[PDB]
Structure formats: structure tokens, C-alpha cells
Amino acid sequence: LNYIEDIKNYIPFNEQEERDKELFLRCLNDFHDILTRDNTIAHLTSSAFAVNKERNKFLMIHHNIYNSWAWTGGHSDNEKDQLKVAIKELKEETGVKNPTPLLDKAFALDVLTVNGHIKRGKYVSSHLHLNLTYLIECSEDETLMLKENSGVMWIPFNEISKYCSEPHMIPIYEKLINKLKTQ
Amino acid sequence: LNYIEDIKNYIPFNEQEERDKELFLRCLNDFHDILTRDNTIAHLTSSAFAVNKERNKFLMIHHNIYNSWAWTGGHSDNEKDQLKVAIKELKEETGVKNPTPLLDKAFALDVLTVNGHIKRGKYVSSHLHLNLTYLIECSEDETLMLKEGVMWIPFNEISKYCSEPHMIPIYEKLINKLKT
Ligand SMILES: [Mn+2]
Ligand SMILES: [Mn+2]
């Protein structure tokens with residue numbers, strides 16, 4: 001589903017998504033390009049709410065440097081199909097081969113911060129990531145493998161708060177689970 | 001100095017300031033206004049690099065959050081003179097009586113992030129702070145009292161008080177520019 005209309009028609013799950021969607025629209029209205037990193041202020045990214053058949057676990061990767069786990073995802077980088085971007089990043093970061101989307105439109109919407117940092121000698125200013133999340137199922141039979149991140153693992157929903165140590169990301173993961181739970 | 005002129009004419013100290021200044025200008029171009037929280041994407045804020053007479057201590061404040069120490073500052077909230085904003089915040093947060101600015105224009109420029117959070121029931125989406133820092137001197141003789149801890153922090157141990165990894169290089173920047 002085209003990102004622009006998918007975003008405009010997205011139905012907020014809660015207040016956070018209500019406010020964030022509003023920011024998304026302002027961006028679409030104020031920037032002719034929110035698809036690439038040419039927009040140093042904000043741009044689209046996609047993430048994978050990778051779950052198992054039983055809908056018991058959340059497939060996440062262990063961030064390098066930090067002893068914290070997180071979902072996979074990445075920059076749209078001019079690829080209009082956000083779902084395709086989510087699938088691609090999930091495959092590359094976890095090693096999974098045959099993930100299957102369970103829904104075609106965004107499953108979640110979040111505006112995320114990105115602190116300024118240096119990448120290949122280049123300083124990239126602090127900015128916002130307009131993240132769309134996609135519901136995708138993966139087989140536990142899949143063979144997991146890291147990407148020099150430092151680990152991949154199936155994380156139980158009721159134990160994410162114990163594996164994830166990024167305070168701000170917890171409520172987002174919990175949101176994903178609660179929403180899935182209502183279906 | 002009138003912020004807009006302050007911004008446009010600020011001379012970058014290093015690369016991050018070069019890139020950050022570019023983001024500031026882009027905001028001036030694309031955004032209706034950047035002086036109030038009406039702008040949910042980005043808005044002007046001012047901070048204080050409050051230094052002691054000997055220029056060896058950084059007057060900072062403790063955040064009951066993740067046990068971290070940081071500079072004083074706040075939203076411009078429509079006030080255009082940013083030194084006045086910084087001075088105001090410094091007084092409020094530290095209780096300093098007669099702070100003395102050493103420069104009449106911005107001492108540093110930084111684009112900072114602010115994670116989405118709940119403020120008195122309302123959710124405030126993640127956004128950016130277009131921060132200007134001001135060089136202000138304060139006497140260690142000033143009686144200091146927090147507001148529901150305040151402390152002068154030697155430059156060489158700032159990294160030991162700051163729990164936000166990304167703020168470390170900022171403070172180091174201030175301290176380096178000051179040295180030169
Ligand atoms: Mn980015
Ligand atoms: Mn703000």
C-alpha cells in the first residue's frame with residue numbers, strides 16, 4: 001500500500017499514535033521528500049514486528065555495544081514500498097529466509113529520535129525517523145544468524161521488559177503486543 | 001542578539017556545528033515558526049554553559065531521571081532574546097543571584113533530540129531542539145539550592161556525571177572552544 005495514503009488512512013491505536021500521526025502529516029505537508037536521507041530533519045523508516053505462529057514471541061536482534069535487544073528495521077532510502085523495506089531489513093539483520101507478512105498496511109506508527117553521530121567520518125545531525133511497523137510472521141524453524149548487531153533471538157512477549165533495556169522503546173513494544181492481542 | 005541573526009551569523013566551531021547549523025537554516029526556511037512548542041517537529045531552546053571564575057568547573061543540575069547531570073536550559077517559548085531565556089533558566093534552576101554573560105551572542109549551536117513522552121496527561125511526540133548555548137560566568141560564592149540538586153562539576157569529571165552518552169561530546173566541545 002502506497003506509503004502516503006497508507007499513512008493518511010492509518011488508524012491510531014492510542015494517544016501516542018494520534019499525536020505521532022499528526023507529526024507525520026505535518027512532515028508530508030512541509031517536505032516534498034520524506035523518503036530519503038536528503039531530508040536531514042525527518043524521513044521514513046520501516047520496522048518488523050516479527051512474530052511466531054503461536055504469537056508467543058518477538059524476533060529481535062542484540063545491538064552491538066549495548067546489552068539491549070530491539071526489533072529490526074531501516075531507512076526507506078527512496079523505496080516507496082515500506083513493507084518491502086521492513087522485510088529486507090529483517091532478513092539481513094536476523095538471517096531469516098522466508099518471512100511472511102500477515103498484513104499489507106502499517107501495523108504501527110511511531111516518530112523516533114536519532115541522536116547526531118558520525119558515520120564514515122561524516123557527522124549526521126540529530127533527526128526524526130517516521131517509522132511504520134509491519135506485522136510479519138517467521139518460522140521458529142528458521143536458522144538465526146547475526147550481522148556484524150551481536151545476536152538474534154526469539155523473545156517472549158511477557159519478558160520483553162526483561163530483555164529490552166531501552167526505556168523508551170518498551171512502551172512501543174508493549175503497544176505492538178497489546179494491539180496484536182486485540183485480534 | 002536577535003536569534004535569527006544570531007543563528008545565520010554563528011560561526012561553526014567544528015563539523016557537528018556545521019551540519020547542525022544547516023539544519024537550523026533549513027528549519028527557518030521550511031517552518032512557519034520555531035519559537036514555540038506549536039512546532040511539534042523542531043523549536044528553539046537555549047542553554048547555559050555556566051562557568052566559574054577559574055573556568056575549571058561547569059555549574060550543572062541533577063535530573064531525578066536516570067541519575068544524570070546536565071546544563072540548565074529551557075524552551076524559548078516565544079521569547080526571542082535567547083540569552084534572556086538562558087539567564088532566566090539558570091536563575092530558576094540554580095538560584096544564582098547575579099550571573100554575568102561573557103558573550104552577547106551564541107557560544108554554541110546544537111540540534112538535540114527529545115524522546116516522545118507524557119506531559120501532564122498529553123503525549124508530546126519525539127522532536128528536535130534547536131539549541132543555542134550561552135557562556136555565562138557565575139560566582140562559586142553564590143548560595144546554590146535545587147528545585148523539586150545543584151553542583152559545580154570539574155571539567156575533567158563531567159563524563160563521570162553525565163549518563164547520556166550523546167551529551168558528552170557537547171560538553172567537551174564547549175570546554176574546548178573555551179580553551180581556545
Ligand atoms: Mn536517519
Ligand atoms: Mn520541546
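Excluded from the calculations below are hydrogen atoms, water molecules and symmetry mates; all remaining heavy atoms, backbone and side chain alike, are included. Just so you know, ligand 1 is whichever comes first in the structure, and atom 1 is the first atom listed for that ligand. Just so it is clear: chains get the letters A, B, ... in the order the sequence lines come, proteins before strands, and each one is counted from 1.
Distances under 2.8 Å from the Mn ion (ligand 1) pick out the protein N/O/S atoms A:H75 NE2, A:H127 NE2, A:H129 NE2.
Clustering ILVMFWY residues whenever any of their side-chain heavy atoms sit less than 4.5 angstrom apart, transitively, puts A:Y163 in the very cluster that holds A:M169.
For residues 103-130 of chain A, every residue pair satisfying the ring pair (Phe, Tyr, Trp, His ring centres under 6.0 Å) rule, not counting sequence neighbours, is listed here: A:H43-A:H127, A:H43-A:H129, A:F49-A:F107, A:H75-A:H129, A:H127-A:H129.
For the side-chain hydrogen bond (donor to acceptor under 3.5 Å, both in side chains) with B:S47, the qualifying choice from B:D110, B:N131, B:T72 is B:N131, the only one to do so.
Classification of the B:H62-B:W69 ring pair by plane angle, with boundaries at 30° and 60°, yields tilted.
More than 12 heavy-atom neighbours from other residues, nucleotides or ligands sit within 6.0 angstrom of NE2 on B:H32.
Pairing each heavy atom of A:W71 with each of A:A48, the nearest pair is CB-O, 3.8 Å.
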